[PDB]
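Novice: Please find query-v2.csv (CSV, C-alpha atoms and all ligand atoms) on the next line:
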chain,number,residue,atom,x,y,z
A,1,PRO,CA,134.0,115.4,3.1
A,2,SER,CA,134.2,116.5,6.7
A,3,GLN,CA,137.6,115.4,8.1
A,4,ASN,CA,138.3,115.7,11.8
A,5,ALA,CA,134.9,117.4,12.5
A,6,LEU,CA,135.1,116.8,16.3
A,7,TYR,CA,138.5,118.4,16.5
A,8,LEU,CA,137.4,121.6,14.7
A,9,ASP,CA,134.1,121.7,16.7
A,10,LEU,CA,136.0,121.5,20.0
A,11,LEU,CA,138.5,124.1,18.8
A,12,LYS,CA,135.7,126.6,18.2
A,13,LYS,CA,134.3,126.0,21.7
A,14,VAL,CA,137.8,126.8,23.0
A,15,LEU,CA,138.8,129.7,20.8
A,16,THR,CA,135.5,131.4,21.7
A,17,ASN,CA,136.2,130.5,25.3
A,18,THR,CA,132.7,129.0,25.6
A,19,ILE,CA,134.3,126.2,27.5
A,20,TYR,CA,135.2,127.9,30.9
A,21,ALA,CA,139.3,134.8,25.0
A,22,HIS,CA,141.1,134.2,21.7
A,23,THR,CA,138.5,135.6,19.2
A,24,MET,CA,135.6,137.9,19.7
A,25,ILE,CA,134.1,137.0,16.4
A,26,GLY,CA,132.0,134.2,17.9
A,27,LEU,CA,130.7,130.8,16.8
A,28,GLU,CA,128.7,131.7,13.7
A,29,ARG,CA,131.6,133.5,12.2
A,30,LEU,CA,134.1,130.7,13.0
A,31,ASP,CA,131.4,128.5,11.4
A,32,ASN,CA,131.5,130.7,8.3
A,33,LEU,CA,135.2,130.6,8.3
A,34,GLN,CA,135.2,126.8,8.4
A,35,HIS,CA,132.9,126.4,5.4
A,36,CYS,CA,134.8,128.8,3.3
A,37,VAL,CA,138.1,127.2,4.1
A,38,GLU,CA,136.7,123.7,3.5
A,39,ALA,CA,135.2,124.8,0.2
A,40,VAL,CA,138.6,126.1,-1.2
A,41,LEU,CA,140.2,122.8,-0.1
A,42,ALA,CA,137.4,120.6,-1.6
A,43,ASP,CA,137.2,122.7,-4.8
A,44,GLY,CA,140.9,123.1,-5.4
A,45,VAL,CA,141.0,126.9,-5.2
A,46,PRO,CA,144.8,127.5,-5.0
A,47,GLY,CA,146.4,130.1,-2.6
A,48,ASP,CA,147.4,131.0,0.9
A,49,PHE,CA,145.1,132.3,3.7
A,50,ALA,CA,145.4,135.8,5.1
A,51,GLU,CA,143.7,137.9,7.8
A,52,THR,CA,144.3,141.7,8.3
A,53,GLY,CA,143.3,142.7,11.8
A,54,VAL,CA,143.7,139.6,13.8
A,55,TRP,CA,143.7,140.8,17.4
A,56,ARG,CA,144.7,137.8,19.5
A,57,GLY,CA,144.8,135.6,16.5
A,58,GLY,CA,142.0,133.1,17.1
A,59,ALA,CA,140.7,133.2,13.5
A,60,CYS,CA,144.2,132.7,12.1
A,61,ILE,CA,144.8,129.9,14.5
A,62,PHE,CA,141.5,128.4,13.4
A,63,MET,CA,142.3,128.6,9.7
A,64,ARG,CA,145.7,127.0,10.5
A,65,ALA,CA,143.8,124.3,12.4
A,66,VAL,CA,141.5,123.5,9.4
A,67,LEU,CA,144.7,122.9,7.3
A,68,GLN,CA,145.8,120.6,10.2
A,69,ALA,CA,142.5,118.9,10.0
A,70,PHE,CA,142.6,118.1,6.2
A,71,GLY,CA,146.3,117.4,6.1
A,72,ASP,CA,147.2,120.3,3.8
A,73,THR,CA,150.8,121.2,4.3
A,74,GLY,CA,151.2,123.5,1.4
A,75,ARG,CA,149.0,126.5,2.2
A,76,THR,CA,150.3,129.3,4.5
A,77,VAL,CA,148.3,131.4,6.9
A,78,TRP,CA,149.2,135.1,7.0
A,79,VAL,CA,148.8,136.9,10.3
A,80,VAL,CA,148.9,140.6,9.4
A,81,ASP,CA,148.7,143.5,11.9
A,82,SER,CA,150.6,146.2,13.7
A,83,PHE,CA,150.6,144.7,17.2
A,84,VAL,CA,148.3,142.8,22.5
A,85,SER,CA,151.8,142.2,21.0
A,86,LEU,CA,153.1,139.9,18.3
A,87,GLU,CA,154.8,137.5,20.7
A,88,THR,CA,151.5,137.0,22.6
A,89,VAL,CA,149.8,135.9,19.3
A,90,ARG,CA,152.8,133.7,18.5
A,91,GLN,CA,152.6,131.9,21.7
A,92,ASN,CA,148.8,131.7,21.2
A,93,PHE,CA,149.6,129.5,18.2
A,94,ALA,CA,152.0,127.6,20.4
A,95,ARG,CA,149.4,126.6,23.0
A,96,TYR,CA,147.5,124.8,20.2
A,97,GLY,CA,150.7,123.3,18.9
A,98,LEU,CA,150.2,125.1,15.5
A,99,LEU,CA,153.1,127.6,15.7
A,100,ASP,CA,155.0,126.3,12.7
A,101,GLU,CA,156.1,127.1,9.1
A,102,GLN,CA,152.5,127.2,7.8
A,103,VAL,CA,152.1,130.4,9.9
A,104,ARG,CA,153.9,133.5,8.8
A,105,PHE,CA,153.6,137.0,10.4
A,106,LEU,CA,153.5,140.4,8.7
A,107,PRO,CA,154.1,142.9,11.5
A,108,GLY,CA,153.9,146.6,10.7
A,109,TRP,CA,151.5,149.2,9.3
A,110,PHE,CA,149.4,148.1,6.3
A,111,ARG,CA,150.6,151.1,4.3
A,112,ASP,CA,154.2,149.9,4.7
A,113,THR,CA,153.9,146.1,4.6
A,114,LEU,CA,151.1,145.3,2.1
A,115,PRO,CA,152.2,146.7,-1.2
A,116,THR,CA,155.5,144.9,-0.9
A,117,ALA,CA,153.7,141.9,0.6
A,118,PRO,CA,155.4,138.5,-0.1
A,119,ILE,CA,152.1,136.9,-0.8
A,120,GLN,CA,151.5,135.4,-4.3
A,121,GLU,CA,147.9,134.1,-4.2
A,122,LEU,CA,145.1,133.8,-1.8
A,123,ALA,CA,142.1,131.5,-1.5
A,124,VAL,CA,140.9,133.3,1.6
A,125,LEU,CA,141.1,137.0,2.5
A,126,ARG,CA,139.8,138.1,5.9
A,127,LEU,CA,139.5,141.5,7.6
A,128,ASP,CA,137.9,143.0,10.7
A,129,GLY,CA,137.0,146.1,8.7
A,130,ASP,CA,136.4,148.6,11.5
A,131,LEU,CA,138.2,151.5,9.8
A,132,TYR,CA,138.2,153.0,6.3
A,133,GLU,CA,142.0,153.1,5.6
A,134,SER,CA,142.6,149.6,7.0
A,135,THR,CA,139.9,148.2,4.8
A,136,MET,CA,141.0,149.8,1.6
A,137,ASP,CA,144.7,149.1,2.2
A,138,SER,CA,143.8,145.4,2.8
A,139,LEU,CA,141.3,145.0,-0.1
A,140,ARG,CA,143.3,147.1,-2.7
A,141,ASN,CA,146.6,145.3,-2.1
A,142,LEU,CA,145.5,141.8,-1.4
A,143,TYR,CA,142.2,141.2,-3.3
A,144,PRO,CA,144.0,141.0,-6.7
A,145,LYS,CA,145.9,138.0,-5.3
A,146,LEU,CA,142.6,136.3,-4.5
A,147,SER,CA,142.3,133.3,-6.9
A,148,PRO,CA,139.0,132.5,-8.7
A,149,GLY,CA,136.8,130.6,-6.4
A,150,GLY,CA,138.5,132.3,-3.5
A,151,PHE,CA,136.6,134.0,-0.6
A,152,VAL,CA,136.6,137.5,0.8
A,153,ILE,CA,135.3,137.8,4.4
A,154,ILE,CA,134.5,141.0,6.1
A,155,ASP,CA,133.9,140.6,9.8
A,156,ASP,CA,132.1,143.9,10.6
A,157,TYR,CA,130.6,144.5,7.2
A,158,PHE,CA,127.2,145.6,8.4
A,159,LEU,CA,128.6,148.6,10.2
A,160,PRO,CA,127.4,151.4,7.8
A,161,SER,CA,130.8,153.0,7.5
A,162,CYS,CA,132.3,149.6,6.7
A,163,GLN,CA,129.6,148.9,4.2
A,164,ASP,CA,130.4,152.2,2.3
A,165,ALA,CA,134.2,151.6,2.3
A,166,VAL,CA,133.5,148.2,0.8
A,167,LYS,CA,130.9,149.3,-1.8
A,168,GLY,CA,133.4,151.9,-2.8
A,169,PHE,CA,136.1,149.3,-3.4
A,170,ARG,CA,133.8,147.1,-5.3
A,171,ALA,CA,132.8,150.0,-7.5
A,172,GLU,CA,136.4,150.9,-8.2
A,173,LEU,CA,137.1,147.4,-9.5
A,174,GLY,CA,133.8,146.7,-11.0
A,175,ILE,CA,133.4,143.7,-8.7
A,176,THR,CA,129.8,142.5,-8.8
A,177,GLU,CA,129.9,139.1,-7.1
A,178,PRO,CA,126.9,139.3,-4.7
A,179,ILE,CA,127.4,139.7,-1.0
A,180,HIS,CA,126.0,137.1,1.4
A,181,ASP,CA,125.1,137.7,5.1
A,182,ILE,CA,126.6,135.6,7.9
A,183,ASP,CA,124.9,136.7,11.1
A,184,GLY,CA,123.8,140.4,10.8
A,185,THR,CA,127.3,141.5,11.5
A,186,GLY,CA,129.7,140.0,9.0
A,187,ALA,CA,129.4,139.2,5.3
A,188,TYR,CA,131.4,137.6,2.5
A,189,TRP,CA,131.5,136.8,-1.2
A,190,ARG,CA,133.1,134.2,-3.4
A,191,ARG,CA,135.1,135.5,-6.3
A,192,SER,CA,133.7,134.4,-9.7
A,193,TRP,CA,135.2,131.5,-11.7
B,1,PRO,CA,143.8,102.4,14.7
B,2,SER,CA,143.8,106.0,16.1
B,3,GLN,CA,140.5,107.6,15.3
B,4,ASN,CA,140.1,111.4,15.8
B,5,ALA,CA,143.6,111.8,17.3
B,6,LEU,CA,143.5,115.6,16.9
B,7,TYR,CA,140.3,115.9,18.8
B,8,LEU,CA,141.5,113.8,21.8
B,9,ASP,CA,144.9,115.6,21.8
B,10,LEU,CA,143.2,119.0,21.9
B,11,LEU,CA,140.8,117.8,24.6
B,12,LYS,CA,143.7,116.9,26.9
B,13,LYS,CA,145.3,120.3,26.4
B,14,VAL,CA,141.9,121.7,27.4
B,15,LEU,CA,141.0,119.5,30.3
B,16,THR,CA,144.4,120.1,31.9
B,17,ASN,CA,143.9,123.8,31.2
B,18,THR,CA,147.3,123.9,29.5
B,19,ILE,CA,145.6,126.1,26.9
B,20,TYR,CA,145.1,129.4,28.9
B,21,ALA,CA,141.0,123.4,35.7
B,22,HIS,CA,139.0,120.2,35.0
B,23,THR,CA,141.5,117.5,36.0
B,24,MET,CA,144.5,117.7,38.3
B,25,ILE,CA,145.7,114.3,37.0
B,26,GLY,CA,147.8,115.9,34.2
B,27,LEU,CA,148.8,114.9,30.7
B,28,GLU,CA,150.7,111.7,31.3
B,29,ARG,CA,147.8,110.2,33.1
B,30,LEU,CA,145.2,111.3,30.5
B,31,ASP,CA,147.6,109.7,28.1
B,32,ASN,CA,147.5,106.5,30.1
B,33,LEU,CA,143.7,106.7,30.3
B,34,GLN,CA,143.6,107.1,26.5
B,35,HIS,CA,145.7,104.0,25.7
B,36,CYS,CA,143.8,101.8,28.2
B,37,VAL,CA,140.4,102.9,26.8
B,38,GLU,CA,141.6,102.5,23.2
B,39,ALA,CA,142.9,99.0,24.0
B,40,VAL,CA,139.5,97.8,25.4
B,41,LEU,CA,137.8,99.1,22.3
B,42,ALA,CA,140.3,97.6,19.9
B,43,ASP,CA,140.5,94.3,21.7
B,44,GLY,CA,136.8,93.9,22.3
B,45,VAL,CA,136.9,93.9,26.1
B,46,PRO,CA,133.2,94.3,27.1
B,47,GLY,CA,131.9,96.6,29.8
B,48,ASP,CA,131.2,100.1,31.0
B,49,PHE,CA,133.7,102.6,32.3
B,50,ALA,CA,133.7,103.9,35.9
B,51,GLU,CA,135.7,106.3,38.1
B,52,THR,CA,135.4,106.6,41.9
B,53,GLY,CA,136.6,110.0,43.0
B,54,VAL,CA,136.2,112.3,40.0
B,55,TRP,CA,136.5,115.7,41.5
B,56,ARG,CA,135.5,118.1,38.6
B,57,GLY,CA,135.0,115.2,36.3
B,58,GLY,CA,137.7,115.7,33.7
B,59,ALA,CA,138.8,112.1,33.5
B,60,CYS,CA,135.2,110.9,33.1
B,61,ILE,CA,134.6,113.6,30.5
B,62,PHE,CA,137.7,112.4,28.7
B,63,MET,CA,136.7,108.7,28.8
B,64,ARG,CA,133.3,109.7,27.4
B,65,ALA,CA,135.2,111.7,24.7
B,66,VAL,CA,137.1,108.7,23.6
B,67,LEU,CA,133.8,106.8,23.2
B,68,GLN,CA,132.8,109.9,21.1
B,69,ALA,CA,136.0,109.6,19.1
B,70,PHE,CA,135.6,105.9,18.2
B,71,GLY,CA,131.8,106.0,17.7
B,72,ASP,CA,131.0,103.6,20.5
B,73,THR,CA,127.4,104.3,21.6
B,74,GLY,CA,127.0,101.2,23.8
B,75,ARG,CA,129.4,101.8,26.7
B,76,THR,CA,128.4,103.9,29.7
B,77,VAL,CA,130.7,106.1,31.8
B,78,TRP,CA,130.0,106.0,35.5
B,79,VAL,CA,130.7,109.2,37.5
B,80,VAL,CA,130.8,108.1,41.1
B,81,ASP,CA,131.4,110.4,44.1
B,82,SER,CA,129.7,112.1,47.1
B,83,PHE,CA,129.8,115.7,45.8
B,84,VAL,CA,132.4,120.9,44.0
B,85,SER,CA,128.8,119.7,43.6
B,86,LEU,CA,127.1,117.2,41.2
B,87,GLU,CA,125.5,119.9,39.1
B,88,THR,CA,128.8,121.6,38.5
B,89,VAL,CA,130.2,118.3,37.1
B,90,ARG,CA,127.1,117.7,35.0
B,91,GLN,CA,127.4,121.1,33.4
B,92,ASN,CA,131.1,120.4,32.9
B,93,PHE,CA,130.0,117.5,30.7
B,94,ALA,CA,127.6,120.0,29.0
B,95,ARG,CA,130.3,122.5,28.0
B,96,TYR,CA,131.9,119.7,25.9
B,97,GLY,CA,128.5,118.6,24.6
B,98,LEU,CA,128.9,115.2,26.2
B,99,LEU,CA,126.3,115.4,28.8
B,100,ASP,CA,124.1,112.5,27.5
B,101,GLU,CA,122.8,109.0,28.1
B,102,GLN,CA,126.4,107.5,27.9
B,103,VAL,CA,127.1,109.3,31.2
B,104,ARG,CA,125.4,108.2,34.4
B,105,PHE,CA,126.0,109.5,37.9
B,106,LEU,CA,126.2,107.6,41.2
B,107,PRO,CA,125.9,110.3,43.9
B,108,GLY,CA,126.3,109.3,47.5
B,109,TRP,CA,128.7,107.6,49.9
B,110,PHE,CA,130.5,104.6,48.5
B,111,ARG,CA,129.4,102.4,51.4
B,112,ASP,CA,125.8,103.1,50.5
B,113,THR,CA,125.9,103.3,46.6
B,114,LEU,CA,128.4,100.7,45.6
B,115,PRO,CA,127.2,97.3,46.9
B,116,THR,CA,123.8,98.0,45.3
B,117,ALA,CA,125.5,99.6,42.3
B,118,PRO,CA,123.6,99.2,39.0
B,119,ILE,CA,126.8,98.3,37.1
B,120,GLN,CA,127.0,94.9,35.4
B,121,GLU,CA,130.5,94.8,33.9
B,122,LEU,CA,133.5,97.1,33.5
B,123,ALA,CA,136.3,97.4,31.0
B,124,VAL,CA,137.9,100.2,32.9
B,125,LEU,CA,137.9,101.0,36.6
B,126,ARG,CA,139.5,104.2,37.9
B,127,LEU,CA,140.1,105.6,41.4
B,128,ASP,CA,142.0,108.5,42.9
B,129,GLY,CA,143.0,106.3,45.8
B,130,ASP,CA,143.8,108.9,48.5
B,131,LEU,CA,142.1,107.1,51.4
B,132,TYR,CA,142.0,103.6,52.7
B,133,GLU,CA,138.2,103.1,52.9
B,134,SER,CA,137.4,104.8,49.6
B,135,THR,CA,140.0,102.5,47.9
B,136,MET,CA,138.7,99.3,49.4
B,137,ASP,CA,135.0,100.1,48.9
B,138,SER,CA,135.8,100.8,45.3
B,139,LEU,CA,138.0,97.8,44.5
B,140,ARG,CA,136.0,95.3,46.6
B,141,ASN,CA,132.6,96.1,45.1
B,142,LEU,CA,133.6,97.0,41.5
B,143,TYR,CA,136.7,95.0,40.6
B,144,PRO,CA,134.7,91.7,40.3
B,145,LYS,CA,132.7,93.4,37.5
B,146,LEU,CA,135.9,94.1,35.6
B,147,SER,CA,136.0,91.9,32.6
B,148,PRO,CA,139.0,89.9,31.5
B,149,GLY,CA,141.3,92.2,29.5
B,150,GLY,CA,139.9,95.1,31.5
B,151,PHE,CA,142.0,97.7,33.2
B,152,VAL,CA,142.3,99.0,36.8
B,153,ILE,CA,143.9,102.4,37.2
B,154,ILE,CA,144.9,103.9,40.5
B,155,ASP,CA,145.8,107.6,40.2
B,156,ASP,CA,147.8,108.1,43.4
B,157,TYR,CA,149.1,104.6,43.7
B,158,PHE,CA,152.7,105.4,44.7
B,159,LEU,CA,151.6,107.2,47.9
B,160,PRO,CA,152.8,104.6,50.4
B,161,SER,CA,149.4,104.3,52.3
B,162,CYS,CA,147.7,103.9,48.9
B,163,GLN,CA,150.2,101.2,47.9
B,164,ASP,CA,149.5,99.2,51.1
B,165,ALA,CA,145.7,99.4,50.8
B,166,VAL,CA,146.1,98.1,47.2
B,167,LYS,CA,148.5,95.3,48.0
B,168,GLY,CA,146.1,94.3,50.8
B,169,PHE,CA,143.3,94.0,48.3
B,170,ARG,CA,145.3,92.1,45.8
B,171,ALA,CA,146.4,89.7,48.5
B,172,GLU,CA,142.7,89.2,49.6
B,173,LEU,CA,141.7,88.1,46.1
B,174,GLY,CA,145.0,86.4,45.1
B,175,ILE,CA,145.3,89.0,42.3
B,176,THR,CA,148.8,88.7,40.8
B,177,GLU,CA,148.7,90.6,37.5
B,178,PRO,CA,151.8,92.8,37.7
B,179,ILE,CA,151.5,96.5,38.3
B,180,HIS,CA,152.9,99.0,35.8
B,181,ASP,CA,154.0,102.5,36.6
B,182,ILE,CA,152.7,105.5,34.7
B,183,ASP,CA,154.6,108.6,35.9
B,184,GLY,CA,155.9,107.9,39.4
B,185,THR,CA,152.5,108.8,40.8
B,186,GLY,CA,149.8,106.6,39.3
B,187,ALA,CA,149.9,102.9,38.3
B,188,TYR,CA,147.6,100.4,36.6
B,189,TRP,CA,147.3,96.7,35.7
B,190,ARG,CA,145.4,94.8,33.1
B,191,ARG,CA,143.3,91.9,34.3
B,192,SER,CA,144.4,88.5,32.9
B,193,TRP,CA,142.6,86.7,30.0
A,201,MG,MG,135.3,143.0,14.0
A,202,MG,MG,144.7,111.7,42.9
I'd like the structure from this file rewritten - as structure tokens, please.
Ligand SMILES: [Mg+2]
Ligand SMILES: [Mg+2]

Specialist:
Amino acid sequence: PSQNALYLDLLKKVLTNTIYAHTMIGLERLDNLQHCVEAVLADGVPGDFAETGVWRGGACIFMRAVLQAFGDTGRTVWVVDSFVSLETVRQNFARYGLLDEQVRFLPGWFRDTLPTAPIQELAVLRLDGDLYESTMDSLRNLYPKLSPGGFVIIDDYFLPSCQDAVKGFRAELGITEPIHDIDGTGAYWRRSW
Amino acid sequence: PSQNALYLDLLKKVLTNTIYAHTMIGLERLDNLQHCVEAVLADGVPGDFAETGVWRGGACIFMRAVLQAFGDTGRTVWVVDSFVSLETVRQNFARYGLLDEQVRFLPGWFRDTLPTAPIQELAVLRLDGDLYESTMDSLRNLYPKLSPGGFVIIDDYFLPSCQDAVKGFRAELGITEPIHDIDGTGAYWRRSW
């Protein structure tokens, strides 16, 4: 059931700066990110949230905001990137009053930070898969933490080179859950039960 | 009881542009405007809302937003000024998706538009009382429509010349409901029962 719909609808107008930028990903993809997050809450899919490649942080701020909207104080949002520096993203969470303990930051190269990542389980995994290595590093390390019922979201999936990186990973692991389109740009799938 | 608090809290961060301008009046005065509007809804004080001197319209957008937040479809918000033109304010309501039938516009000089004003009753009357004539025109014409339990809000009350205009009006009508401070700038009073 849709708690604080108005809040989240306004926040998307604001994050996308449609109101006068904090995320390039646009409305349709924030919409997708809302439904996936609301599904894991409603269905009881355990785990934290995590985005690799956050840029200014809008998507991570938004995921945090949905947790705010449904009164979930247990799940953590993981903001993972090299760093548009870290402190700028931090204070981007602040301006929404969401810079708190439900937001943790993993600064550094993915090669270095992800294998030893202090994440136990995920209900949502998100990546702006522009590059081959970034995508594999993210999927290979973090996907195994993705709980059943959890979602993987790939923001630039339909870029052919991103496609191929992704098909390659799904072949490696024998992952066969079917991919669904979002907007001709991004795509996602829900891990099986 | 506080419906959609998160929505309204975010909207104030946005209207005041504390998030990256739509109202100069600031947080404390949007806060005051929230409590007064929530009181008339909770207490059943009938009537529309009306602001004279709106500038970009932020306060009027906000009043409309509180109606959005409490699911009140009956009350109208009156946006009253000469016109930073009218159409700019209109599309300022649009960017929040609140440009609808619960918002009506009274363009023109107060001398011309207010005596023949198509307003029946008010629960909230608001003015940025910078000038003597604007203040009197607003109070004299519209205050008598203010229901019992209704609020009058004067955004620049503590400016000495605004003070005196206002004391003058309250003397004229034998209005004795005591004035309360907001922030050292604005002030308001609640009409008696
Ligand atoms: Mg992208
Ligand atoms: Mg003023």

Novice: Out of A:52, A:185, A:68, A:192, which residue has the shortest atom-to-atom distance to chain B when counting all atoms listed in the file?

Specialist: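 Of the candidates, the smallest distance to chain B is held by A:68.
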
Novice: Within 8 Å of ligand MG 202 (chain A), counting all atoms listed in the file: which residues, as JSON, numbers by chain?

Specialist: {"B": [24, 25, 127, 128, 129, 130, 155, 156]}

Novice: Distance limit 7 Å, atoms considered: only C-alpha atoms. Which chain A residues sit that close to chain B? Return them as a PyMOL selection string.

Specialist: chain A and resi 4+6-7+19+95

Novice: By how many Å are CA of residue 168 in chain B and CA of residue 76 in chain B apart?

Specialist: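 Between CA of residue 168 in chain B and CA of residue 76 in chain B the gap works out to 29.2 Å.
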
Novice: Would you pick out the contacts of residue 36 in chain A at 12 Å or less, using all atoms listed in the file, so that residues sharing its chain but fewer than 3 positions from it are not included, and give the list as a list in words?

Specialist: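 Residues near the query, excluding close chain neighbours: residues 29, 30, 31, 32, 33, 39, 40, 41, 42, 43, 45, 49, 63, 66, 123, 124, 125, 126, 149, 150, 151, 152, 153, 182, 187, 188, 189, 190 and 191 of chain A.
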
Novice: Find the spatial neighbours of range 111-118 of chain A, counting all atoms listed in the file, within a cut-off of 12 Å - ignore same-chain residues fewer than 2 positions away - and output them as a ChimeraX atom specification.

Specialist: /A:48,50-52,76,78-82,104-109,120-122,133-145

Novice: Which distance in Å separates CA of residue 26 in chain B and CA of residue 184 in chain B, to one decimal?

Specialist: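 Those two atoms sit 12.5 Å apart.
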
Novice: Could you please determine the separation between CA of residue 165 in chain A and CA of residue 59 in chain A in Å, to one decimal place?

Specialist: 22.5 Å

Novice: Name the closest residue to ligand MG 201 (chain A) among the candidates A:77, A:54, A:84, A:98; distances are taken between atoms, counting only C-alpha atoms and all ligand atoms.

Specialist: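 Checking each candidate against ligand MG 201 (chain A), we get A:54 as the closest.
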
Novice: Between A:173, A:179, A:154, A:60, which residue has the minimum interatomic distance to ligand MG 201 (chain A), considering all atoms listed in the file?

Specialist: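 Ranked by minimum distance to ligand MG 201 (chain A), first place goes to A:154.
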
Novice: Counting all atoms listed in the file, which of B:132, B:180, B:186, B:62 gets nearest to residue 161 in chain B?

Specialist: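 Of B:132, B:180, B:186, B:62, the one nearest residue 161 in chain B, counting all atoms listed in the file, is B:132.
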
Novice: Of the candidates A:55, A:67, A:164, A:37, which one gets nearest to ligand MG 201 (chain A) if we count only C-alpha atoms and all ligand atoms?

Specialist: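 Closest residue, counting only C-alpha atoms and all ligand atoms: A:55.
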